[PDB]
Ligand SMILES: O=C(Cc1cc(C2CC2)c(-n2cc(CNC(=O)c3ccc4cc(F)ccc4n3)nn2)c(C2CC2)c1)NC1(C(=O)O)CCCCC1
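In PDB author numbering, the protein residues as written are 25 to 66, 69 to 179.
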């Protein structure tokens, strides 16, 4: 079985600023709070990033492949292909879109994933685990880019 879900986040910063952060396949640690470091050899499709998680977690690293980087429509797609975690066949897509909330331009982020349900867990538990982490990441992306936006004011 799999869990497939989509999360949406409203960000009070312009798309060009949010995308400048999200597009850095080589620098996820700039807003993903559970990631420490990241190294990419050679940002083209097929690029492989080796990700160091923060110390004190059950896993320590992830290996992920760049499946999509569309700089015109603002789509980033990745797939996890290794590491000392339990997540199997994880892939995700995030896209950014301009929107106007309260008369001010902002950015809508849409992030979708598909992942296997491990044999020892329920599908509900798998969805909850992944959705909570992505929500954490999207909340942090909003915090980071809204802060950059304020610092530019
Ligand atoms: O943000 C991150 C960073 C990131 C990446 C990883 C592992 C290396 C993939 C981890 N992790 C995972 C683990 C060990 N548990 C699992 O494997 C795991 C797998 C299936 C599970 C199913 C369940 F029912 C309950 C618990 C489960 N537990 N130890 N550390 C973390 C820790 C939990 C906070 C954070 N990753 C994502 C991103 O968008 O980059 C967003 C979340 C989804 C992956 C992509």
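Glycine included, each C-beta is placed from N, C-alpha and C at the ideal position.
8 Å CB neighbourhood of residue 175 in its chain, flanking five on each side removed = The residue you call residue 175 lines up with position 149 of the chain shown. Result list for residue 175: 36, 37, 38 and 41, in chain order.
task = Look at residue 63 and residue 136 and say whether their C-beta atoms are less than 7 Å apart.
result = Here residue 63 is taken as the residue at index 39 of the chain shown, counted from 1. Here residue 136 is taken as the residue at index 110 of the chain shown, counted from 1. Contact: no.
Inter-residue Cα distance where the pair is residue 123 and residue 44 = Residue 123 sits at position 97 when you count from the first residue of the chain shown. Residue 44 sits at position 20 when you count from the first residue of the chain shown. If you draw a straight line from the Cα of residue 123 to the Cα of residue 44, it is about 13 Å long.
message = With a threshold of 8 Å on Cβ separation, who are the neighbours of residue 126 within its own chain once the five nearest residues in sequence on each side are excluded?
response = Taking the chain shown and counting its residues from 1, the one referred to as residue 126 is at position 100. If we look at residue 126 and ignore the five residues flanking it on each side, its Cβ neighbours are 132.
Span of the beta strand (DSSP E) around residue 149 = The residue you call residue 149 lines up with position 123 of the chain shown. Careful: residue 149 lies outside any beta strand (DSSP E), inside the alpha helix (DSSP H) at 149 to 178.
request  = Could you say which of 141, 108 and 128 lies nearest to residue 117 if we only look at CA atoms?
outcome  = Your numbering for residue 117 matches position 91 in the chain shown. Measuring from the Cα of residue 117, the nearest candidate turns out to be 141.
query = Which residues does DSSP pair with residue 64 in a beta bridge?
reply = Here residue 64 corresponds to residue number 40 of the chain shown, with the count starting at 1. For residue 64, which the question treats as bridged, DSSP gives the partners 75.
task = Pull up the CB-CB distance for residue 107 and residue 86, whole angstroms please, since I reckon it's below 8 Å.
result = Counting from 1 along the chain shown, the entry for residue 107 is found at position 81. Counting from 1 along the chain shown, the entry for residue 86 is found at position 60. No, residue 107 and residue 86 are not in contact; Cβ-Cβ is about 16 Å, not under 8 Å.
query = residue 156: buried (16+ other C-beta within 10 angstroms of its C-beta) or exposed?
reply = Position 130 of the chain shown, counted from the start, is the residue given in the question as residue 156. Residue 156 is buried by the Cβ-count criterion.
query = So, residue 78 versus residue 61, is the Cβ gap smaller than 7 Å?
reply = Looking up residue 78 in the chain shown gives position 52. Looking up residue 61 in the chain shown gives position 37. Using a Cβ distance threshold of 7 Å, residue 78 and residue 61 count as a contacting pair.
task = Just mark residue 52 as buried or exposed, buried being the case when its beta carbon has 16 or more other beta carbons within 10 Å.
result = In the chain shown, the residue the question calls residue 52 occupies position 28. By the 10 Å Cβ count, residue 52 comes out buried.
message = What does the alpha-carbon distance come out to for the pair residue 74 and residue 160?
response = Sequence index remark: in the chain shown, residue 74 carries index 48 (1-based). Sequence index remark: in the chain shown, residue 160 carries index 134 (1-based). If you take the alpha carbons of residue 74 and residue 160, they lie about 21 Å apart.
message = On the DSSP bridge list, what partners appear for residue 139?
response = Counting from 1 along the chain shown, the entry for residue 139 is found at position 113. DSSP output for residue 139 lists 29 and 118 as bridge partner(s).
key: Local Cβ density within 10 Å of residue 56, reported as buried at 16 or more and exposed below that   = Translated into the one-based positions of the chain shown, residue 56 becomes position 32. So residue 56 counts as buried.
request  = Can you have a look at residue 83 and say buried or exposed, based on whether 16 or more other CB atoms are within 10 angstroms of its CB?
outcome  = Taking the first residue of the chain shown as 1, we reach residue 83 at position 57. Exposed, since its Cβ has fewer than 16 Cβ neighbours within 10 Å.
key: residue 41 in three-state terms, based on DSSP   = Here residue 41 refers to the residue found at position 17 of the chain shown. If DSSP states are grouped into helix, strand and coil, residue 41 belongs with the helices.
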